[PDB]
8 protein chains.
Amino acid sequence: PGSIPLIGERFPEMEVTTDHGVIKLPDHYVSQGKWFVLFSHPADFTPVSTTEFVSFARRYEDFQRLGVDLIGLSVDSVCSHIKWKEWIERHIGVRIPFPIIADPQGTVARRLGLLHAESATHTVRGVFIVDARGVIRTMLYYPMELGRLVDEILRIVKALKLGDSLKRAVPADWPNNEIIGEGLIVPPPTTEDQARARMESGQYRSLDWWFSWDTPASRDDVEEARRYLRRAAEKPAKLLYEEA
Amino acid sequence: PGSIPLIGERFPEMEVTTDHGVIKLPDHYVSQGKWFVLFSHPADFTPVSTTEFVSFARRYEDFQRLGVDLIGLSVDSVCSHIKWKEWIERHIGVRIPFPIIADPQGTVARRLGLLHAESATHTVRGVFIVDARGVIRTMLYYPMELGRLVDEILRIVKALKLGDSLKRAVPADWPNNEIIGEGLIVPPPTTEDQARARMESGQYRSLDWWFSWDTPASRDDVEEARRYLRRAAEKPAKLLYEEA
Amino acid sequence: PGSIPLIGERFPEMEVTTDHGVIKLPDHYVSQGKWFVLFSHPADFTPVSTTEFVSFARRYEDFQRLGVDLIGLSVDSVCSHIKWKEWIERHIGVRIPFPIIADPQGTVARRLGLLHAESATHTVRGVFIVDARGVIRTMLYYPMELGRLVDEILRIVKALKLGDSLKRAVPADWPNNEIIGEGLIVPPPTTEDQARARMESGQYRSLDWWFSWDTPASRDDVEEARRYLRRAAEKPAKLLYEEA
Amino acid sequence: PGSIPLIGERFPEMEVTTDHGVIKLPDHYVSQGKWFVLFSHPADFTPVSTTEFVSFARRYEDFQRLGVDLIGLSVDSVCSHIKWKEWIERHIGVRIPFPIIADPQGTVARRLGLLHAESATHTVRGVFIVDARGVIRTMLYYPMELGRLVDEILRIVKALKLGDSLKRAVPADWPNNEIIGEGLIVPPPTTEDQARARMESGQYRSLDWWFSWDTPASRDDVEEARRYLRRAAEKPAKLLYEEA
Amino acid sequence: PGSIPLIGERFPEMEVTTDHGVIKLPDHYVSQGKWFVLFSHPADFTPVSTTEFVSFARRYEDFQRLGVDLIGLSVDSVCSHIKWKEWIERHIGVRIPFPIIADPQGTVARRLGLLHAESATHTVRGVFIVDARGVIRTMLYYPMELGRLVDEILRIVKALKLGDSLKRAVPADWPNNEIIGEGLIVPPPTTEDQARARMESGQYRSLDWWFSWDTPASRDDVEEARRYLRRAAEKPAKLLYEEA
Amino acid sequence: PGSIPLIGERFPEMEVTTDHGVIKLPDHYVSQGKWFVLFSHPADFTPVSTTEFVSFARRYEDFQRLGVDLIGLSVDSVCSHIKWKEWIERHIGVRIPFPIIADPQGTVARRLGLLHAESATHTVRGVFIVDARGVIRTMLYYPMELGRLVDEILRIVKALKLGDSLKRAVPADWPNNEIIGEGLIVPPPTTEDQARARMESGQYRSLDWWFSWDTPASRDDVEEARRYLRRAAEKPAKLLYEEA
Amino acid sequence: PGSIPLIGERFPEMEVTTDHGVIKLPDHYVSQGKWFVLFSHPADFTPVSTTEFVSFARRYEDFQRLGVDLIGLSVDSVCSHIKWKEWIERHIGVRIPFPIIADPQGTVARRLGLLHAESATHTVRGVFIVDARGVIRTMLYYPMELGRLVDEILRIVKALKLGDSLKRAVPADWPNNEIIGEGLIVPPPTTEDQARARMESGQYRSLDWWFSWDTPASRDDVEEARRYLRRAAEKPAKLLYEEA
Amino acid sequence: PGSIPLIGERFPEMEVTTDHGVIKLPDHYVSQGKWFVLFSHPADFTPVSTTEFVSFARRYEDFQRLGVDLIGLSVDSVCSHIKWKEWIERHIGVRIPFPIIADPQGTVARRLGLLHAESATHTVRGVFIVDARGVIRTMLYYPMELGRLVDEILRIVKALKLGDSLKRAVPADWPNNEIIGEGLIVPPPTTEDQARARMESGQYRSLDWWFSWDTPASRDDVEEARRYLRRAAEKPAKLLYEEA
């Protein structure tokens, strides 16, 4: 096994070198009132990693609408990062606008547990979702051989921010949940007195005293979440390889 | 501040008590030639967890068809697991067919790093995808306040089985990748000789010696994967709360 | 092979989550000048445990009259505790009025030595009798297979309270001791001069200088304690399973 | 705190010196197919301890009916044990037929955790109920100031032995339980398949799939157990101090 | 082997429970300007031990007249001590007026090295002679099978007090030394100059510069010591077993 | 602050250099079926030590009659021992026939715990009484300022040999015990069955079941032990200083 | 400070990943009878490193002619190495024919002491000259800001090989030493007999018994070495930036 | 198996005994605004070491022009150093003007990592180039059997001082680099913003945004550096051996 930071912990304090300059994490993003998604890839000039950078870049505006910044990470150095970006700009027609951390001695990698048994030398496809307080909200470890579904990363941040802003929990497969649809869950009672007050209140649709929900998300909130999933499910209109 | 098992490692040898009896992991599933998805939830008779069990139960046939079994985990005991499943079948009309681990002392939870800072006593929403050799392939850690997207778990398992059988890596957002669509990536050359040989075979479409791909997945495999994402993107025709 | 708290020790300082909320032990009871009985059971929705909650519930007023509060404990979570009590009130027609601690990681169980070799993950049927100063006075460890005698727990608390106020030791089987009946024992002399002086005073009935007693308990005190034992001896007029 | 052996563990292998000679525990009883109750008292020529020794002696034949032997324990030496026994025979008219362990260095006391904070030098009123396989079944810790209810010790050994022979769990306050009276509880199902097979059997009375029971105890078993409690509840005919 | 306090060290600071109450050693005696003889015996109601208690009691005035208190010690408890003294008073006609320490966990015994290989559980027949400054002057260890010669304990104390007050060393077998009779020895010179001065000054009988003596002990001092040995040598006119 | 060998332990294996040659303790005496008395003195050419060597020398014959050998010990060298013995024969007229260990680095002294607080460099007046099996039977520690009573060392070996051969314990002050005179004590019963059998057998004089004795020592054994004490008590006929 | 391997030691046993594949050092070269120069550079697509790779590639045949292989090293990955080589081939017209180690976790850099205080993450410009036995012969540490003089690296391996072949030491600045020109030094005598015999044999030119030399190097070996230094001294007629 | 101080670190503080007296390193040279080259040699009166001292002595002027002092090091004592220098002056006609450290117990050698496997006892041919701030700028380790090229030591210090004053990196083989001749390299951009600003400024000749250079070294700086290399490549005019 290996060590990791945990959901509910402050992202560990660290200075990192990127292709945009030196930055402190998580302070650089807190100070801007921004969430960030830190994600890792094994090495520059690798194909699955290249497809993921293009996916993130296509979705950069959707992340900006949510007040979310993107930052990559591999063990390759800054000049390799910049050459790889230039190659993607020239050959695929896509500009990567977000920084990439250079982590040559694996210092960041070992701190975030991004070195798995699949490779002693190269990080797996780690994803840290960090809110504007610098708190880790969600962690995903995908392997070398499988690209990420970047639309699920938008769904996660949109639903987490909706949860925070309405004091609600978010049901499976939201906003297309099979029980309550675009409904959001009221945090259950934690005492018998709260359980009673809730059974007697009639304020919410309920299946039991522990399962109440309402529909407090705006139609804009619901449809933007659904658009991410519709894009994931859509056959692309024109493949970028064709005009390359 | 927590330890996890790692991608590429054997799922740790353990005996667990489920509401179906005592089993050895990963042996029980390895012996049947099955993959398994082990996932955790904080406690029984909690609403997000209930929406997730209903989502998994709706997808159970989709998992079975792939040669994949499901096993749950919370810190609650077997009698609570059985009462909760009875509750779901009676009040929602859905039978949960797969076992749930009872982990009251958190033995399993500490082994798998499922106790994060969000709760000292209750597991987060962890997901271990384990192949038929008993090897961990992917790990996801969703928080208390956010339900999983279960269709992404199906897409991960399908893309992994495809990549394993076709000897390919899977691009971002497969089968709807913006660069190569349903194409799968040839693992890149590891030497200058292999790179020269690959580029002077023209056996594959390529953007560079390190980015080659073909389209070896069948119509059926591709459409199966697209079915998962289309179900994720679509609002269900009727909601299960109406039927209660 | 396990540690325990000891008679004469302060009940250890701890914050516990109950189905009534968060409390500090023993402070929450010391602050009210109340004794408490903390008792454990293996799991919610187990039958012997259900019989014991119903027995405690029937005796709640008897405990209340001595200024003794009740608090249960199992490794199950709050929501399982509230659902279990709801099942008891619905199916047996008895409301459980006292809190149950939820101890999902066995933190409290390990602190009080409630995990024995009968089960690695579930608490035996422990009983801690703690006075208004927060001091452990008596400890009982019943196994999984055997319900407690709750009337003996009343008789212990009543006899302890009498012993403390009257400055007496309590004979075997009080208030029906075969030697001295409802007599209480004068703490024996600790010196030769004290022994000679106790014998020369002839203030008490004696069998020897180390064995003096008197009858200072009131008729109401003795009758209260004899009531507990008569209820334990007599078959209930009507069984609750009947009107179910 | 302090250390103790636990319910479900084999009584610790040990040679003890008693006023009947040296015996190995638990082998000396195992080898005769006998249960034993080992109990402790702080010191010889103490008044509460004397009342308890007389209680146990009066109930000697009730213990032998159950195939249970008695063995005592204090930090006093053999010659003190024999002088104390002679004093009880001479002044109270009661022969103590069962051995007492001499534990001068507290070697046995420390092994069984009989030294609590009430006294660094004298054992509290410990009770270890040990079955004919040498397994600890129940442990009670009464303090210096409070004599035991010896009839509850008979009720425990009778109920444990009945549970063992009829493969049943014993409800609270048996044989006077307020829900099922003299009924004994069928150990609950541990799987969903068994829970369903049980509720389709209609083989037993049931409040739910986890709360089944029947009435397999002999009327002799029931009335003997009730008789221990009726004796506990009975004002004695003639106090033994009268005739001294 | 095993650890001890040594001649010339302060008797270890300790609080001991006696049948006369709690006292602090050596303070209780130092604060009175009294020597004490602490002596041990294996167990109360043993026959050599009884003969030794009677021998000390007969010599109690001789000890008191020298400004020496007696205190005993066994692993037996206070009540046992007092019952044993009652037995000696009633059956031998001798009152034991001095205190006995109760040492049930062997705490004092381990401190004073009174547990030898002859018994793991009961002290041998240790004797600690302690002066009015709390300083250990002499230590004797007699075994279980052999009663002490109490007159030699009187001789040791009288000779040590004479040596201290007259600034002399005491010859072998004093006051019946075969070379110098009742003579006492001048501590020898420690320098060549002191040797020359002494071997010139002619103030003392000498066998050499290192062997000088005088006779500074009063006739009553000498006769007091002779009387201890004369009592040792003479068969008592009447044996206490006869007049019982 | 010192470690000692214990009664009941084998005398520690060691090779010592004496003024008679190198010997192995205890084996040199065990080989011959001899007891030995090892005694120490602070240094050669000290006056108390000289009186003690002369007292041992005069009693050599009494030691040889009991099959006891004598062996001395100081931190002085073999040359000093020979010069010292030659001085005693010339100036006092007494041959020292027994060997003295030379212990220059205090190797033997530290092993036997003979370095006490009185002197960090010179041995106190230790006595080890060792039987023909090489077992330590009694230990005495006299200080620098006080010579031994050698007749008590004879009485100890005599009483011990008599106790061993007759299977008896020896009362206080034997053969002049004030309760039973020259009587020897039968080891007390260790069980109730032995107590009752012994008492009703009438075989011995008794004061109680734990205090039995007879008179199995020959008149010669008794009068020899008494002569030691008579000699200890007698004013010597003529002093050796006068004819010196 | 930091740790290094040393001249005269075996190059540490290690498997390394290069852009030509996986090789074992030093075995891969030892098994071919080849020397190797392992050199490091901080990162790919850095300008000093690029000039050094071009210098090495220009001298590749000079190295091959001596039986010396070249192997580079940086913490950049294999794909980055190959893209950097392509760049050099495309923009400078120079093919890099030798392998580059990929050392992303700095496993090799730490083993060889290539991380200095100038950078925590990137190796300085290290040079290990390793002979055909696998033995380290010479180590150079150039910093980030200063490219190496590759002709001195040729002079070192040429001179070491001559010295090994001819059993000679090589004077400062060989083959242009100011004292002995192209002379090689005879290893000095290690004894006075050798010193006398060396001087008397008149076999060598000599300044003293410890300073003898001859001229055993072929004209071709000398001119090869002089050609390395003349190349180092002469400005190229055409600069490669002008043919880009 | 050796430790070294590193490039970028301050030369370690040490007091060293030389043949010019005690000096403190590096403060002695830092004080004067002087760089120093500290070099080592195995032992005095060894032939390769002699050729090296002569090569340094004859280049002393070139070192003085650069504000560089020289200091030697061997394990030989100060008297040997002075005798050795006298021998070089007398027999070769060359005065050694710089000090030599005496390092008899290898204190300095061990601190600078100058003891390698080639000799446990004698130092290899180490070179520490230390700047006027007392920082280590370059480290060379030549072996016993190979003399240094002292002109490369001048070239290093000349190139380092030039890089420092013009803020430039020095290409391979400067001033005869095969790509840019006497061109000096601008440190590469560390961000994409800097890369773009530099490429659209057109201020520098470039091969790419990471490879910019200009020619800001004076004709004198370039020709002085090139003279070092011309000297190294020139067959000496007359060998000093003939004059000796």
Side-chain angles (χ1 to χ4, degrees), chain B residues 79, chain C residues 41-43 45-55 91-92 118-119 124-125 142-150 232-244, chain D residues 7-8 33-35 62-63 65-68 129 131-133 135 137-138 151-191 193-230:
Chain B
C79 292
Chain C
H41 70 277
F45 295 104
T46 65
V48 174
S49 313
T50 304
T51 70
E52 304 180 299
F53 271 76
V54 165
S55 168
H91 289 255
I92 294 163
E118 218 165 25
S119 166
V124 299
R125 300 187 195 282
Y142 278 67
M144 301 310 188
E145 65 264 31
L146 210 213
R148 284 157 284 202
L149 192 64
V150 181
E234 293 319 307
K235 170 86 186 217
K238 135 160 38 160
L239 302 179
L240 295 181
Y241 94 95
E242 301 185 332
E243 344 84 31
Chain D
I7 299 175
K34 297 254 187 299
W35 291 53
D62 282 357
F63 281 103
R65 261 174 247 221
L66 300 180
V68 180
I129 302 172
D131 68 17
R133 293 164 37 250
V135 173
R137 299 301 298 273
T138 290
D151 295 302
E152 173 58 357
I153 302 180
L154 283 166
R155 189 191 80 87
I156 293 159
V157 260
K158 174 72 193 158
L160 257 14
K161 279 179 91 83
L162 252 195
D164 288 355
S165 50
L166 305 173
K167 312 244 254 79
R168 292 281 180 278
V170 180
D173 310 309
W174 182 98
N176 292 331
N177 173 254
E178 299 110 303
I179 304 178
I180 72 170
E182 76 213 1
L184 296 183
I185 287 151
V186 188
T190 65
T191 75
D193 285 349
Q194 279 173 217
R196 205 183 341 280
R198 184 89 100 220
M199 280 310 83
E200 280 162 9
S201 222
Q203 183 182 176
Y204 309 106
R205 281 158 277 178
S206 282
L207 257 8
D208 205 351
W209 63 262
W210 51 271
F211 196 157
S212 302
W213 84 92
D214 64 358
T215 53
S218 87
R219 129 146 18 217
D220 294 334
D221 291 324
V222 169
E223 293 192 6
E224 278 168 38
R226 184 172 295 119
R227 181 186 89 238
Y228 307 147
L229 295 177
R230 176 150 30 70

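Below, chain A is the first sequence line, B the second, and so on; all start at residue 1.
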Novice: So does D:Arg155 pair up with D:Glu152, basic N to acidic O under 4.0 Å?
Specialist: yes
Novice: Please confirm whether the backbone N or O of C:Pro143 pairs with a side-chain atom of C:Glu118, one donor and one acceptor, at under 3.5 Å?
Specialist: no
Novice: Just wondering, more than 12 heavy atoms not from C:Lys235 lying within 6.0 Å of its NZ?
Specialist: yes
Novice: Which distance, rounded to the nearest 0.5 Å, do you find between the CG of D:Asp151 and the CG of D:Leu229?
Specialist: 7.0 Å
Novice: Less than 6.0 angstrom separating the ring centers of D:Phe211 and C:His91, yes or no?
Specialist: no
Novice: Charged N to carboxylate O below 4.0 Å: is that the case for D:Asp62 and D:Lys158?
Specialist: no
Novice: Can you tell me how far the CG atom of D:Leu162 sits from the CD atom of C:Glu145, to the nearest 0.5 Å?
Specialist: 12.5 Å
Novice: Quick one: does C:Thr51's side chain have a donor or acceptor within less than 3.5 Å of a partner on C:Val48's backbone?
Specialist: yes
Novice: Measuring from atom CH2 of D:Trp213 to atom CG of D:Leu207, what distance do you get when rounded to the nearest 0.5 angstrom?
Specialist: 5.0 Å
Novice: Can you tell if the side chain of C:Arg125 reaches within under 4.5 Å of the side chain of C:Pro42, non-hydrogen atoms only?
Specialist: yes
Novice: Assess the residue pair D:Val186 and D:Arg168 against the criterion (side chain to side chain contact (heavy atoms under 4.5 Å, CB included)); give the C-alpha distance rounded to whole Å, side-chain angles, the decisive distance to 0.1 Å, and a yes or no.
Specialist: CA-CA 5 Å; D:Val186 188; D:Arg168 292 281 180 278; 3.9 Å; yes
Novice: For the CD1 atom of D:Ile185 and the OH atom of D:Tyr204, what is their distance to the nearest 0.5 Å?
Specialist: 13.0 Å
Novice: Run the numbers on C:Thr50 and C:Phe45 for side chain to side chain contact (heavy atoms under 4.5 Å, CB included), then give the verdict.
Specialist: CA-CA 7 Å; C:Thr50 304; C:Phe45 295 104; over 6 Å; no
Novice: Please give me the minimum heavy-atom distance between D:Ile7 and D:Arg137, naming the atom from each residue.
Specialist: CG2-O, 3.7 Å
Novice: If you compare all heavy atoms of D:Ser212 against all heavy atoms of D:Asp208, which two are closest, and at what distance to 0.1 Å?
Specialist: OG-O, 4.0 Å
Novice: Between D:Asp164 and D:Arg133, does any NZ, NE, NH1 or NH2 come within less than 4.0 Å of an OD or OE carboxylate oxygen?
Specialist: no
Novice: Out of curiosity, D:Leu166 CG to D:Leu184 CG, how far, rounded to the nearest 0.5 Å?
Specialist: 6.0 Å
Novice: Assess the residue pair C:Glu52 and C:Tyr142 against the criterion (side chain to side chain contact (heavy atoms under 4.5 Å, CB included)); give the C-alpha distance rounded to whole Å, side-chain angles, the decisive distance to 0.1 Å, and a yes or no.
Specialist: CA-CA 12 Å; C:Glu52 304 180 299; C:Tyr142 278 67; 5.7 Å; no
Novice: Go through D:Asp173 and D:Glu178 one step at a time and tell me if the side chain to side chain contact (heavy atoms under 4.5 Å, CB included) criterion holds.
Specialist: CA-CA 8 Å; D:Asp173 310 309; D:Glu178 299 110 303; 2.9 Å; yes
Novice: Would you find a donor on one side and an acceptor on the other, under 3.5 Å apart, between the side chain of D:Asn176 and the backbone of C:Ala232?
Specialist: yes
Novice: Locate the shortest heavy-atom distance separating D:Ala217 from D:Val222; write the atom from each residue and the value.
Specialist: CB-CG2, 3.8 Å
Novice: Between atom CZ of C:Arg148 and atom OG of C:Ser55, what is the distance when rounded to the nearest 0.5 Å?
Specialist: 9.5 Å
Novice: List the atom of D:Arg198, the atom of D:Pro187, and the distance in Å for their closest heavy-atom pair.
Specialist: NH2-O, 2.6 Å
Novice: For residues D:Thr138 and D:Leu160, determine if any side-chain heavy atom of one lies less than 4.5 Å from a side-chain heavy atom of the other.
Specialist: yes
Novice: If we check side-chain contact (heavy atoms from CB on, under 4.5 Å) with D:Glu182, which of these qualifies: D:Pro171, D:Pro216, D:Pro175?
Specialist: D:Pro175
Novice: Keeping the roles fixed (side chain from D:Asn177, backbone from D:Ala172), state whether a donor-acceptor pair exists under 3.5 Å.
Specialist: yes
